[PDB]
């Protein structure tokens, strides 16, 4: 009764995608998928310690280092979710429909309130990376730049209280927008930019590093997830009725 063991991330688990996919994978392939959801570093460490057969993660540089170490065979890209910048509907900096770089530069130029996670999360790291691409200086010392040291929902709530802008994953936005009966005060103002993509890949753990790894089960999962039918299933997945993942297997 074959069992495939996966390490993935807390954010992944929170979307609920695997709760939908896993019974379909078992129907189609006979293989039971078990997963543990941890931070990215810890997931990678689980693969390095031979704890699991496959990773499903969303951190391209660390993933490339994992493969280069010989701990994984290769990255297969599968889908992405995305990040958005939100702010008051009135949009006091006037950034709606700008690119990320123009919006962040404009917020910086207008000294508009911008709220960071400030907690070294994956989301925080993504937000910091965005600033690295404006022409102007790092915002970290500016009084308009707020660092909560809190999670995503809390940080959204501070941006709402302050009339501020913030970067969020779309999933948490969708849940927050539903908590305000579809009419929160903060709206999605910047979205679609390629830099805001959160690319997922699967990586089989390498049998040269972990000789008892269930490579053939891992490869079956990759095959399944990259198939047109499961791609379509990922693209049709909804969170509270709204789209979250774009399939993009090669």
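Numbering follows the first chain given and starts at 1.
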| query | finding |
| --- | --- |
| Between 154 to 162 and 176 to 184 (mean CA B-factor, as deposited), the higher | 176 to 184 |
| Of 166 to 174 and 126 to 134, the stretch whose C-alpha atoms average the higher B-factor in the entry | 126 to 134 |
| Top Cα B factor in the deposited entry, candidates 115, 78, 90, 84 | 90 |
| Where the record places residue 36 (Cα B-factor, split into thirds across the chain) | middle |
| Chain thirds of CA B-factor: placement of residue 193 | highest |
| Chain-wide C-alpha B factor ranking for residue 229, given as lowest, middle or highest third | highest |
| Residue 249 - Cα temperature factor, lowest/middle/highest third of chain | highest |
| Chain-wide C-alpha B factor ranking for residue 63, given as lowest, middle or highest third | lowest |
